Structures are given as structure tokens and as C-alpha cells.
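Scroll down for the structure; my scribbles are underneath it.
Chains as they are written, first to last, in the authors' numbering: chain Y, 11 to 389; chain V, 55 to 136, 160 to 498; chain e, 16 to 24, 37 to 63.
Dropping the structure here:
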């Protein structure tokens, strides 16, 4: 499918928006290069207004003129089709109109045009194509409402008789949205169910997709499943040959080499902060992977000397003390520190004891519900 | 004639509403003329939305087409407006009318007349209507900002409602009386009354909720925080689901404060939920400050939203906060540690010296929020080695409470399976 | 049943961690290696 628009445009815009990369000469040059090449006049105006840039009239005027001329010829052809041709070409003219609107970035015009085209159309394939364009515009502008709405729309259309290529494309779209809304479990499920079938090269490169699959898989998968489906995975391990910094990150955790794991986790943090779909998730990803690492180490111990654990993790004693205190307080880990003689005992609960606590909690919930029901209906 | 057509449709809806009023009346006669108990709740449950749909001209026609036995008291309603239970129901409707009309003089007088009537008639199926009348009379006096003569009135009425072995009126009067005490800030009389009255074990959900709120507030001020937290949490679980936004807001606010006092950190799903975010945001900032232990940010939040605290009513609990803020620090420290040394609590609790550490941690243990021992021969605060609680009577006891509860619901459910003939 | 009139009135399941830290795990680890 076409690129309407290059989500690299969104990547560039957000990378500039981030304060660290605001003064990125390269980034700026490439962004403006794409803007000039594809003639996004409203989007360029929005960029200027939002980022407080000095407008270049000498080229902005030519860009507006080109947009006006192209739109005029498009809608003239649409009228000609209306007055001369049938729906089979009126629809195509409207489609071209909406496509140019999205490629120039006029959000309102594109949404209106695509809505009208969807109202006109009856073929399932092109209905799905329009819905996909709408999903990608929603992803471009991070409008959760629009993205979710067209998402159930697309599920309904495909359930009403669809095809497997669009099933895969919808799965990748759902995965990107799940990464956006921090639902990494579904993100991992979808990504791993459609890694062998990456066909959506408009959203991101296949290297980027495999990196995202690795990241989400590590944060959302248990060790058995991770071994079965991400380290013993044909493609997910084929691409990791070309990606050397991510193979190390994954294999550090799996092989239980932990100092390398934190090195690669700092790498991944600084990468995802710059990223535009993971940007409001890097604190959480880093924290949850740190908890995964600590729990993995302590899953095979009962009293782990703080010094040894620091040496294994490639940090000090004070840093480990601080962060273990934080995570135990948060309740994620199962471990209690003893600072006089620096030793980290592990109070993991036995199977029977954990089952007891789960019974207490879940029975409490059911008891509350039944108690409400009975008190309400008896009287 | 757009206005005329809209009035026509509204008056058709008004005929529908009058039919609904007639059906409620009919249910009331099913109860009283049938003489069977209850079913006044059936006829009454639609009181809120009916009050919402009230209309002046509709009631003008009602007060001329109703009251089959025209006792001539209808002229105490007719001028302002321009059976043994149905009359009370209609009178309550009329006081509701003046309520929403903002007419709080004839409103108080008509409520007084309704009260005289209900007090005179010693019915047993009229107690529910009496309860609703009590609540709305209190609300009239509340919009009129006396709240004082109502104290004696409601208090005598409660006496009557507890001599007659009533439940609904008893609960509602107790609840309104507690509200009056709290509105005048009499948290000693409130406590004594709650101590020496027994709430009906079989009471409405909506009244259990309010009673639990007020009892929790009384205990919270009285410095019984554990039972205060239990009471507020149970009140919330008791509260309505798709309504009472303000009530949920207030219970949540007090619960946040009470938990912070106990030394815990609340759940963030509260501040998440959309019906509350704007209400509880000041408490969001307060919880951040307490969790961090940042007294500077705490003082900023106090100076920045203090008015809302003095409004809802929290302004002493939010200094008892300061106290339990240092307590919260020590609770986190003793939640993730097993032998922390004192010189190491001094720092990580932001103290001065190991002596101050001794005192503060000892007091924390005395208050029983950290559950540890202490040793100053070498200077460490060893906690309690957790004992495997399944070779112990704790599971016994927990399941004993839960089994007792389940058996009680089976009893109450097999009961109340009334068959008509 | 009755609206208690006497009482006036992201999509991410966040759970705290919104603290203020010297970055999450980049500058901390840098300084850690530096002092080790």
C-alpha cells in the first residue's frame, strides 16, 4: 500500500519536537526535503506555527500554487466523471482527490473526502483500502479516538468477508496502536503472529519491525515462550544478524548475562526516547525490564549477597540498594534486604500459600458482588 | 406556533407522567388497601426522576383533579402553586416542587404541615413516606441555612421512629441528625449518639452508605483510623453505581486522606476514573507529596489548594497528615527491609540522628504500622521473621468469616422468597 | 435508586512511577560505571 503519508514525517517531527534534538541540522534538512518533495502545504504551515520557525515565502508560495493547481485539476476531473462517467470512475476520481488531500496533509479535507468516498463505495476491497488510509492518518496524528473507531470498523469489514493480506495489515496496525496505548501483551501476540508475514513496508522497515517485536516480546513474554518464539525464531533471529545491538540485548537476558543486559537497556532507553511511538513509554519499559532482570536473577536464589549481585549486574552496592528498595516498595519483587550484613533474602511464596492468597482475593471480589446483589434484591 | 407545538408534546408527556403518578398511587393502595407491607418502596423508587420531570402547570391541574375527598386543605397548595398515604405522597411532591422552584418559605411551612400530618397519623405503612418527608424537610432547612431547629425536630422524630419498631424512618432520621451534627462540627455529640444508637441491620443500601460515610468521618476525626478506613471503603462499596457522583467524590476524598494517615498510598485508579479526576486532583498532588516525603511540595499544595480542603472539610486531617507522612516513610522502609540499621534510617527517612530514629521508629511500632522489633545494643531494627501462614489458624479464621458470610446470605436469600397466596 | 442530592457534585492504566529521576537508566548507569 502507498505511503499516505511517510510516517517518517511523523518520526522527524517528533524527533525535532523533543528538546534534545530540536537543533538537529540533519533532521531539519531531511524533514524539509520531504515536505518540499511531497508538497504538504497545510502540514508545513502547522509545523512553522508549532515550532516557531521563520517562514520561507519564496518557496511556500510556489508550494501553495502547486497544491491549488493539483487540487483544481483533480476536482475538475471528478466533475467530468460525474457528468460523463459512471460510479466506477466517479469513485476513482474521488479516491484520487482524497489521496492528494492526505498526501498534502490537510487533515480535515482528507477525512471529509475519505468519508464521502466510503459512503459512495460498495466494493469490500476498496472499502478496506479507504479504512486503512484512515487508520494511517489517525496513526500519523495520534488521534486515539479516530484510530480506535476505524479499528473496530476494519474488524467489522474483514469479518464481513475479507482476505488474509488485509488481515496481516490490520494485525500490524493493531500492534502499533497497542504499542501506543501500552498494551504490550497484545502487541507481542500480534507482532509474533505476523513477523513471518511482514508486508506493511509503509509503516516501518523490517529491521524496525523485528526490533519492535524483540522489545515487546522481552517486556511481555515469560521465559519459556521467549525461548520458543523469539530466540528459536527463524526470522526474528535471522534479522538479528544484521542488528548487532539488539541481538546482544536479547541474548544477555536469556543467557543470564546481566551487566551486558543493563548496558543494552540503557542503549534501548536512549533509542526509544528518540522514537515517536515508544516515546511516552520508555520510563515504563526500562523499569519493567529492570524488574524482569532482578526477578530472573532472584528466581534461583534464597539469600543473594548484595555485593555479588552488584558485581553480576555491573553496578555498585548503593545503586542496587536504592533500586531494590524502590521495587520492593512498589511490590513488584519478592525480596527483603538486610543492610547490616548486606544480604538480600528472598521471601518467595510457596505454591499453597500463593493459592491461598489468590483464593482470598478473588473470593473477596465475588463476595462483594454477591453481597451487593443480595442486599439489593432481597429488600 | 413552534412554542405551541412544543407545549403540546410536553403536555402529552405530562399526561404520561400523570399516568405514572396514578400507577404509583395504585401500588400504594396495593400495599395499604391491600394492607400488605412494603410496596411503598415500589411506588416510591421513581421519586427522583419524577421530581426531575415535575412541572408547574401539570401540578396546577393535579391539585384540582386529584384529592377525591377534597378536604379543603388543597388551598394551602393552590395559592402558592398559582387517603392516609397518597396525601403524604402528593404533599411530598409539592414540597419538591417548591424546592426546585427556590421558594423556601412556603416550602418550609408546607413541609411543617406535612410533618404534623404524618406525626398525627400513627400508621405503619406510612413510615417510608415519613422518611422521605424527613429528608426533604431537612433539605429545605438546609437551603435555608438554619440546620438548628431541625436538630430538635428530627431528634424527637427519631425517638418516635425508634419507639415504634421502625427501620426506614429510624435509619433516615439517624442519618439526617448525624448530618446536622457534622454540619455544625459537633464531633462529640455525634460520636456519643453513634455509640448509643444501633443502626438497623436490615436497612436500605443508600442509607447504609451515608451512615457509613458519617461514621467513618467521626472515627477519622476521633483518631480511630483503621476502622475509619474500613468504614469509608465499605461505604464506597455500598454506594450506588450509576449516580451519586458527589457522594462518591466525598467518600473518596476522605478515604484518600484517611489512608494517607494510616501510612499507605491510595490506588491510582481513583484519580484515573473520569467522574472524579477534577474533584480529586488536589488530593493527587497531596498524595504525590506524601509519597515522596517532600515537605516543600506538601506546603506548596497546602498553600495552593487550602481553600478546597477547608471547604470539603479535611483541614485538620491534612496536618495529622504531616505526622503520618513521616510515618509513611518509615512504613515503606520497614516494608522493604529486614534489618536496617538506625544510622541508615536516619537518611532514607530524612531524620537528624540515630536518637531521633530510635524515637520515631519506636513510636511507629507502638502505633503498630511497621510490626518490627528493635535492638540498640548494636543499633538495628530487625523486623519479624515472617512465619509461613498456612500452618497457622489465620486461614482458619479468614475462611471462618467468609463461610459465616456465605451461610448468612443463603439464609437471607431462602428467606424473602415470599409467595403471594 | 436515589441520587444523593444532599451532596454537591491518557488511556494507559498508570500505576505511579511518575517520579523525578536522573533519567530512568542512562545517566545513572553511566555514573555507576564511572565510579566502578
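Note that the Cβ used here is the ideal one computed from N, Cα and C, for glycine as well.
Within its own chain, the residues whose Cβ lies closer than 7 Å to the Cβ of residue 163/V, once the five positions on either side in sequence are excluded, are 79 and 82, listed in chain order. Each residue's CA atom was taken as its position, placing residue 231/V and residue 253/V some 8 Å apart. With contacts defined by Cβ atoms closer than 8 Å, residue 100/Y and residue 91/Y form a contacting pair. Under the 8 Å criterion on CB atoms, residue 174/V is classed as non-interfacial with respect to chain Y. Put simply, the backbone Cα of residue 273/V is about 17 Å away from that of residue 246/V. Residues of the same chain with a CB within less than 7 Å of the CB of residue 296/V, apart from the 5 flanking positions on each side, are 304, 305 and 308 in chain order.
Secondary structure note for residue 332/V: its alpha helix (DSSP H) is the uninterrupted segment 322 to 339. Per DSSP, residue 356/Y lies in no beta strand (DSSP E) segment and is marked neither H nor E.
Membership of residue 209/V in the alpha helix (DSSP H) is indicated by the continuous run 204 to 220. Three or more beta-carbon pairs drawn from the region 479 to 487 of chain V and the region 375 to 382 of chain Y are found closer than 8 Å, and the two stretches are therefore classed as touching. Looking at the DSSP output, residue 348/Y shares a beta bridge with 353/Y. The alpha carbon of residue 189/Y has as its nearest neighbour, out of 18/e, 38/e, 22/e and 58/e, the alpha carbon of 38/e.
The region 226 to 253 of chain Y is shown to contain whole alpha helix (DSSP H) runs of 4 or more residues at 233 to 236 and 244 to 252, in chain order. Under a criterion of Cβ atoms nearer than 7 Å, the residues of chain e adjacent to residue 280/Y are, in order, 53. If you look at residue 468/V, you'll find it isn't in any beta strand (DSSP E); DSSP assigns it neither H nor E. Out of 333/Y, 165/Y, 157/Y and 31/Y, the CA that lies nearest to the CA of residue 134/Y is found in 165/Y. Assignment of alpha helix (DSSP H) within the region 375 to 431 of chain V, counting only whole runs of 4 or more residues, yields 394 to 412 and 419 to 422 in chain order.
Between residue 408/V and residue 458/V a beta carbon distance of about 13 Å is seen, past the 8 Å cut, so the two are scored as non-contacting. The shortest CA-to-CA distance from residue 221/Y to any of 305/Y, 83/Y, 256/Y and 243/Y is the one to 256/Y.
When the beta-carbon positions are compared, residue 338/Y and residue 345/Y come within less than 8 Å of each other. Shown here, residue 314/Y sits in a strand according to DSSP, grouped into three states.
Judged by their CB atoms, residue 322/Y and residue 307/Y are nearer to each other than the 8 Å cut-off. The C-beta of residue 292/Y comes closer than 8 Å to at least one C-beta of chain e. Less than 8 Å divides the Cβ of residue 57/Y from the Cβ of residue 23/Y. Taking a 10 Å sphere around the C-beta of residue 18/e, we find 16 or more other C-beta atoms and assign the residue as buried.
DSSP, read as helix, strand or coil, puts residue 20/Y in helix. Counting only Cβ-Cβ distances below 8 Å, residue 377/Y has contacts in chain V at 479, 482 and 483, in chain order. Interface with chain e (8 Å Cβ-Cβ cutoff): residue 320/V is included. For the set 166/V, 123/V, 122/V and 181/V, the Cα lying nearest the Cα of residue 134/V is the one of 181/V. Between residue 128/Y and chain V, the shortest Cβ-Cβ separation is not below 8 Å. Residue 136/Y and residue 207/Y have their C-alpha atoms spaced approximately 22 Å apart. In this chain, residue 445/V is not harboured by any alpha helix (DSSP H), its DSSP state being neither H nor E. For residue 21/e, there are no C-beta contacts with chain Y under 9 Å, since the nearest C-beta of that chain is about 21 Å from it.
Residue 163/Y and residue 169/Y have their C-alpha atoms roughly 10 Å apart. Linking residue 410/V to residue 339/V through their CA atoms gives a straight-line distance of about 15 Å.
Shown here, residue 229/V sits in a helix according to DSSP, grouped into three states.
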